[PDB]
């Protein structure tokens, strides 16, 4: 019938972990026959499919591992250790600490508002700071047919450039080479993250 191999190490139940670190819970037990171990989160069955990242289970070592913890991992985790003769259990309470994110913050290139001659090169610069992963786009206001706006809220725009930043700080650039009359107009650096959107406008006249 099941028992803890070190019952004294089983007194501690509360764990706080900063986000993106790894948590391991153990319930080292013994019995004859050697018992089963299964894991519950908030009293329900707990499976890899219940978090993104999955779980790593290690029955011989009586362990549940969760890599890269996030706030949604907060809660109660119970091991149920069982053979035919009996049952024991242990519940851990996990807190996960993470800073709250903000909307992106943009900074324009000091030239922006510009003028240039036919055939010359123009470059717009946009510094994007974002504590949550941003989608960064350079856009251009177009005109489908006298539509410097659209039957809605909604200036018409096409997307010149797009990427997802891998870092909190990005220096994003738009290069307009060998400029023609065509290239004159209003340009936007836009940055969107989970929390929201920021943008700056840049003008060219050729």
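Positions refer to the first chain, counted from 1.
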Completion exercise
The stretch carrying the higher mean Cα B factor in the deposited entry, 155-163 or 55-63, is 155-163
Fill in the blank from the handout: The stretch carrying the higher mean Cα B factor in the deposited entry, 80-88 or 111-119, is 111-119
Problem - Deposited CA B-factor, highest of 145, 68, 137, 36 - result: 145
Fill in the blank from the handout: For residue 99, the third of its chain by CA B-factor is the middle
Exercise for the section: Compare the C-alpha B factor of residue 175 with those of the other modelled residues in its chain, then answer lowest, middle or highest third. Expected result: middle
Practice task
Please rank the C-alpha B-factors of the chain's modelled residues and tell me whether residue 28 sits in the lowest, middle or highest third.
Solution key: lowest
Practice task
Quick one: classify residue 105 as lowest, middle or highest third of the chain based on its Cα B-factor.
Solution key: middle
Fill in the blank from the handout: Here the Cα B-factor of residue 13, set against its chain, lands in the third termed lowest
